[PDB]
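Structure 1 and structure 2, given next as structure tokens, are two forms of the same protein chain, each shown alone.
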Structure 1
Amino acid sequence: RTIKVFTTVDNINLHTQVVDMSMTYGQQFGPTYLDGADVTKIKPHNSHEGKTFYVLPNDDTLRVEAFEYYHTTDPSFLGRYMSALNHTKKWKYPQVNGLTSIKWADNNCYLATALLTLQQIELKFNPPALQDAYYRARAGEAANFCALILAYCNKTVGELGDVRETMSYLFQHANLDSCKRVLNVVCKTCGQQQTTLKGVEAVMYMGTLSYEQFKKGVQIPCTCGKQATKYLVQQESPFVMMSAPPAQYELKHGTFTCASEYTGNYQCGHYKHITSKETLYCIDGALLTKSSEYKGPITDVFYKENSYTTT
């Protein structure tokens, strides 16, 4: 005796199966997951009739379908993803100032910061798995998106995480082709060395929190040997993310889009989100806090942009 279930790798192309109800899912298909739960080892239950199961791909049809949804051939991915989903599906995603945050759980403050940031910057993702899961997170259903961010970043539920680190990972999976940053460097010896940057390196700088400061200039070690200073000529990008190791910093309403607060030490600290709406909101999972100024330990500041030229 049998029942009728659907299997997929992407959740777009379903593939109806007839399952022997006395063998396990593992023997009939392969490693198999329902709603993120591993079900490799259980026998088809009667309520499982008419439900979608994620499976690894055997067929090259499914191997191509998985690539075109996830842009990864990596065999471990779909499992690492389903593993996360099983947890993130249990997380609570409260609206907090019409933003989808995550109630703190299974160590997720950095994810909640990254997620809140990702709803305030104009980001087009390349893996359809991600672009779809995002759109859904925007609308409050954010389990899937968090699971993928974890999988795509090689992190797991419980692991601690840098926001700078988690963003660059995602920027790398985002169309930032038309992003261009022209630098200029001047040592009084080397001469006048003008670099161009495209893509992810165009929209991140580790060094100062201050977009203003970068435009004026910041001192560097330089090509020839020693003493030189580098300043932003041009920046065509829809945003830039200025990072630097946690200082104390005054955030003023209207000078910046949003920021990452980091209390504590390297790799054993707690993150909060500062966003500049009518006032400065500070978001800590499900806890909103507003304030006209904000001095605290800032490490990442996102600025909105499209085209800037120097003088």
Structure 2
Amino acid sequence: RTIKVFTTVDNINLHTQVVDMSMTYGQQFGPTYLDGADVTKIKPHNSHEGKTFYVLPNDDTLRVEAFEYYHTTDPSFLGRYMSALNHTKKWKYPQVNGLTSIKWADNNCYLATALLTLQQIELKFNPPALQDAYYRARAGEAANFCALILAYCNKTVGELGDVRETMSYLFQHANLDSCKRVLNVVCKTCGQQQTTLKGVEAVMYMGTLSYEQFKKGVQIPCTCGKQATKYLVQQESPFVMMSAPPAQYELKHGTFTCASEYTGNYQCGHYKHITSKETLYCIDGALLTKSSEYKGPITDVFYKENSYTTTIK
């Protein structure tokens, strides 16, 4: 007894296969998945006639197709993606304040905050898998996007997470080649040194939440023994992410794009998303609250940008 099915790694290039109904899928295809569900140790049923299956890349054609779609050669990626997708497809993705959020489940507070942020900054992903899922996420079908985010970050469903580390991984898979940042550090003793950063390092900074303060100057130890001052010289990027350890901060409407609120201890806390629309909105998964002012524990703030040059001589 034999049925005919499709195997794929990208759900674009399908490959017809013949499968013996007396052997498990793993004995003929290796690890095999159906809509994220592991069917490796399952004998083929009759309802599987014509359906499409994801398989781990076992030959060169599937390896090339897998990279062109996911931009990774890690053999385990597809499995971690499918294993995460089996859960994220059960989450609810309500529209909250014109954005796609996530109803709370499996400790996804940080994923919801990252998803809401990604929808408010200008970003193009290099892997076609990410870009396709990015689009479907804006339309409300964010399951594949969240599953891919977990896979690219080497995190699993249930694990707690950091929003800044998550954003950092995603930027590494985004087209930020045009982004440039020139910095200058003035040291009374040693002197002046001007560096330029490209890529992800041009849009992320750890230290202060204020973009204005970064323009004026921040205090940084010099390699000589004096506390030097660093300031921003040029910034060519569509946005900037300013992160700092959680501290009480005042967000003023219209001066920022969005922000991450963190309440709790290191590696054990709750995330909330603050966005600046006509007023200030706070999105906590499926819950929404509005207020004209906001003071609270903020760890990330996102600002819009295009081209900046300093007036400090």
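Take the two forms, superpose them, and find the largest set of C-alpha atoms that agree within 1.5 Å; that set is the rigid core. Along the sequence of structure 1, residues get numbers from 1 upward.
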Superposing on the rigid core between structure 1 and structure 2, the only one of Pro75, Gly140, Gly158, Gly225 with a Cα displacement of 2 Å or more is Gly225
Cα of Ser260, core superposed, displaced between structure 1 and structure 2 by (Å) 0.2
The CA shift of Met23 between structure 1 and structure 2, rigid core aligned, in angstrom, is 1.6
Shift in angstrom of the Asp59 C-alpha between structure 1 and structure 2, rigid core held fixed, comes out at 2.3
